[PDB]
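K.L.:
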Amino acid sequence: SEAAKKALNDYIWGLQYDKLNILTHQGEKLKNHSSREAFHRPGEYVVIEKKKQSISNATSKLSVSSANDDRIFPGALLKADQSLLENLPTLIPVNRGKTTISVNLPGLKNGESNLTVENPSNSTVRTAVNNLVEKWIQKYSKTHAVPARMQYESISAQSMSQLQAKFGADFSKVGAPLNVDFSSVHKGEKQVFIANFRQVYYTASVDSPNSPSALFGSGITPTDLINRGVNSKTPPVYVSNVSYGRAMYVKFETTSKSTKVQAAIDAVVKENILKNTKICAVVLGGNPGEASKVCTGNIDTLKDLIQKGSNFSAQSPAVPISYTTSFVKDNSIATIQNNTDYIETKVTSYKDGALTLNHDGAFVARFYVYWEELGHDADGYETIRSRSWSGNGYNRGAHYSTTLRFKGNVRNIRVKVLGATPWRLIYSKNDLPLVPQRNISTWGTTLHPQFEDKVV
Numbered sequence: 057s058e059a060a061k062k063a064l065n066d067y068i069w070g071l072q073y074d075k076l077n078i079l080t081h082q083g084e085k086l087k088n089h090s091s092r093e094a095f096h097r098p099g100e101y102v103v104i105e106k107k108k109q110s111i112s113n114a115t116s117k118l119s120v121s122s123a124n125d126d127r128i129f130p131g132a133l134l135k136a137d138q139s140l141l142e143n144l145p146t147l148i149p150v151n152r153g154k155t156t157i158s159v160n161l162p163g164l165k166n167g168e169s170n171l172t173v174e175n176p177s178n179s180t181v182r183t184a185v186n187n188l189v190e191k192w193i194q195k196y197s198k199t200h201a202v203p204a205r206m207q208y209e210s211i212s213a214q215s216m217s218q219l220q221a222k223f224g225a226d227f228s229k230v231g232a233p234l235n236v237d238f239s240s241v242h243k244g245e246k247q248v249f250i251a252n253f254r255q256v257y258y259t260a261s262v263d264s265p266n267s268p269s270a271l272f273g274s275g276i277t278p279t280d281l282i283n284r285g286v287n288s289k290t291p292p293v294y295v296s297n298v299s300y301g302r303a304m305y306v307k308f309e310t311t312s313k314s315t316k317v318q319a320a321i322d323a324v325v326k337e338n339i340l341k342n343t344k345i346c347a348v349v350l351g352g353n354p355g356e357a358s359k360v361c362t363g364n365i366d367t368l369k370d371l372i373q374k375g376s377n378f379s380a381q382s383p384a385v386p387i388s389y390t391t392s393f394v395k396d397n398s399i400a401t402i403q404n405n406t407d408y409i410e411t412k413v414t415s416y417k418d419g420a421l422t423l424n425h426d427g428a429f430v431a432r433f434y435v436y437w438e439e440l441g442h443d444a445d446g447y448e449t450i451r452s453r454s455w456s457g458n459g460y461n462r463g464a465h466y467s468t469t470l471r472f473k474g475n476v477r478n479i480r481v482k483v484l485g486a487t493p494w495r496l497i498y499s500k501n502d503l504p505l506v507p508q509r510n511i512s513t514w515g516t517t518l519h520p521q522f523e524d525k526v527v
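For reference, each letter of the sequence shown is one residue, going 57 to 326, 337 to 487, 493 to 527 in the entry's author numbering.
(1) Enumerate, from N- to C-terminal direction, the unbroken alpha helix (DSSP H) stretches of 4 or more residues contained entirely within the segment 358–415.
(2) Do the CB positions of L281 and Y67 come within less than 8 angstroms of each other?
(3) Would you kindly report the start and end of the unbroken alpha helix (DSSP H) that includes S239?
(4) Answer yes if the segment 121–128 comes into contact with the segment 502–511, meaning at least three C-beta pairs across the two stretches below 8 angstroms, and no otherwise.
(5) With a threshold of 6 angstroms on Cβ separation, who are the neighbours of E142 within its own chain once the five nearest residues in sequence on each side are excluded?
(6) By a C-beta neighbour count over all protein chains shown, 10 Å radius and 16 as the cutoff for buried, is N404 buried or exposed?
(7) Is the segment 300–314 close to the segment 134–152, with three or more CB pairs under 8 angstroms?
(8) On a CA-only basis, which of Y434, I321 and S382 is nearest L368? Give me that one, please.
(9) Would you kindly check if the distance between the Cβ of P383 and the Cβ of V189 is under 8 angstroms?
(10) Would you mind stating whether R453 and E438 have Cβ atoms separated by less than 8 angstroms?
(11) Only counting runs of 3 or more residues, tell me where the beta strand (DSSP E) segments fall wholly within the segment 257–314, in order along the chain.
(12) Can you grab the Cα-Cα spacing for the pair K307 / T362, in whole Å?
(13) Quick check on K482: does DSSP put it in helix, strand or coil?
(14) Within 8 angstroms, do at least three Cβ pairs link the segment 391–406 to the segment 97–106?
(15) Kindly indicate the opening and closing residues of the alpha helix (DSSP H) around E190.
(16) State the Cα-Cα distance for the pair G83 and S212, rounded to the nearest angstrom.
(17) CB of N342 to nearest heavy atom of the ligand GDP: below 7 angstroms?
(18) Buried or exposed, going by whether 16 or more other CB atoms sit within 10 Å of the CB of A486?
(19) Go ahead and label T411 buried or exposed: buried means 16 or more other beta carbons lie within 10 angstroms of its beta carbon, across all protein chains shown.
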């Protein structure tokens with residue numbers, strides 16, 4: 057009998073495979089698609105640029121949904137097959153051995169934190185984990201307090217497949233109540249952000265087994281594992297940790313075009339600020355009585371939701387929200403990597419600008435200034451017209467001041483400027504950004520010409 061343990065230990069260790077490669081899901085791969093589209097709006101020239109982007113996200117913390125709830129418990133034996141990447145893992149149907157568990161609730165004394173389950177199953181482990189929690193409650197709920205641990209992840213909406221690579225393939229099911237309208241990001245009227253909050257009170261983590269065989273009960277042989285499909289193509293893994301508490305997916309729908317909208321989000325999880343938007347959230351782990359999906363609310367309503375779950379209420383045992391898998395072979399943490407391409411629509415506005423040239427010196431100055439203007443021909447393709455200022459190539463005097471007013475379709479602004487000591496340079500720049508107002512000046516002595524470049 058003891059020889060069965062040995063033989064089974066060698067089949068698990070004998071497996072050869074590349075960890076950081078089996079847990080890789082490759083979505084669509086698209087060919088590069090750089091494209092543009094331009095409008096003319098009062099006071100601005102705005103661009104709607106559609107590009108091809110790729111996202112690669114690696115995570116060891118997997119979400120827990122109503123679809124996979126029964127299959128997720130400390131010590132569950134799973135296959136690193138296709139189902140795990142869809143976050144709907146399939147349990148290896150096989151007998152099991154003892155599973156030693158530990159809980160990190162505060163105060164835990166001596167071996168009061170360690171459990172053992174003889175015949176691991178969902179019901180058996182939840183009851184055993186829930187039993188311990190109820191103990192810690194009555195005896196330490198009042199004296200000890202457990203602050204929630206936050207893991208916050210956010211992104212901008214650019215494809216449904218893009219979101220599945222950041223939060224997991226199960227986002228389509230869990231996020232359906234969000235009804236992320238996606239047509240109008242490509243149209244360009246709204247800017248949608250998605251965020252994930254994971255509020256962890258306690259985590260149940262399994263002690264590393266003394267041997268791979270320990271995770272299997274009766275005289276299990278290497279053979280019966282091969283029938284169940286346990287091999288290098290699909291090596292075995294076990295749920296190493298399960299996190300209980302609260303987790304929520306929330307959407308933000310904005311119309312502003314600030315490139316710092318992500319900063320306003322981070323600020324509320326503690337860089338522009340003021341903004342009235344619409345919100346819609348779906349919550350898992352709330353305290354029944356008052357919870358569920360909540361559409362409406364303006365940031366402050368949201369900030370209280372992030373706050374209303376800052377602490378374990380202690381009304382009952384928490385619900386699992388996230389878990390982690392590990393390889394049976396070497397007891398390493400399994401990473402899941404999701405890669406894909408997607409069409410990234412972006413809106414960018416160029417305001418109207420102005421450049422003022424001033425000369426207050428007793429010295430002969432000569433200016434040269436050029437730029438380029440984008441336009442649309444009859445067919446509709448983006449054109450280029452190289453243009454220069456009329457006031458270039460002429461002599462300028464003591465009290466000279468002139469204002470050039472550029473529109474938003476202007477790039478590659480060049481400034482040549484020379485005086486007299493023949494002609495002599497005093498300043499030179501290229502591709503000056505189109506600031507609402509920039510003032511170029513000059514003054515001093517012919518022996519010592521001086522100058523200024525300023526912005527407001």
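Ideal Cβ positions, reconstructed from N, Cα and C, are used throughout, including at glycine.
P.N.:
According to the structure data:
(1) Fully enclosed alpha helix (DSSP H) runs of 4 or longer: 366–374.
(2) As a working note, residue 281 is residue 225 in the sequence shown. As a working note, residue 67 is residue 11 in the sequence shown. Result yes, Cβ atoms of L281 and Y67 sit closer than 8 angstroms.
(3) Taking the sequence shown and counting its residues from 1, one reaches residue 239 at position 183. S239 -> alpha helix (DSSP H) spans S239 to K243.
(4) Taking a cut-off of 8 angstroms on C-beta distances, the segment 502–511 does not touch the segment 121–128, as fewer than three cross pairs fall below it.
(5) What you label residue 142 is simply residue 86 of the sequence shown in a count that begins at 1. Here the set comprises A225.
(6) Translated into positions along the sequence shown, residue 404 becomes position 338. Buried is the call here.
(7) Judged by Cβ distances under 8 angstroms, the segment 300–314 makes no contact with the segment 134–152, as fewer than three pairs qualify.
(8) Along the sequence shown, read from residue 1 onward, the residue named residue 368 stands at position 302. Checking every option, the nearest Cα to that of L368 belongs to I321.
(9) Mapped onto the sequence shown, residue 189 falls at position 133. Mapped onto the sequence shown, residue 383 falls at position 317. Their beta carbons are under 8 angstroms apart, which means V189 touches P383 by this criterion.
(10) Numbered from its first residue, the sequence shown carries residue 453 at position 387. Numbered from its first residue, the sequence shown carries residue 438 at position 372. Taking the C-beta atoms as reference points, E438 is found nearer than 8 angstroms to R453.
(11) Given a length threshold of 3 residues, each whole run of the beta strand (DSSP E) inside the segment 257–314 is given here in chain order: 292–310.
(12) For this step, residue 307 is matched to residue 251 along the sequence shown. For this step, residue 362 is matched to residue 296 along the sequence shown. Counting only the Cα atoms, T362 lies some 11 angstroms from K307.
(13) Your numbering for residue 482 matches position 416 in the sequence shown. Strand, per DSSP.
(14) These segments do not touch.
(15) Here residue 190 is taken as the residue at index 134 of the sequence shown, counted from 1. For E190, the enclosing alpha helix (DSSP H) covers residues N178 to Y196.
(16) Taking the first residue of the sequence shown as position 1, residue 83 is located at position 27. Taking the first residue of the sequence shown as position 1, residue 212 is located at position 156. Per the coordinates, the alpha-carbon of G83 lies some 18 angstroms from the alpha-carbon of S212.
(17) Absence of the ligand GDP is noted for the structure shown, with no ligands found whatsoever.
(18) Here residue 486 refers to the residue found at position 420 of the sequence shown. A residue is called buried when at least 16 other Cβ atoms come within 10 angstroms of its Cβ; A486 does not meet this threshold and is exposed.
(19) Within the sequence shown, residue 411 is the residue found at index 345, counting from 1. Under the 10 Å beta carbon count, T411 is surrounded by 16 or more other beta carbons and is classified as buried.
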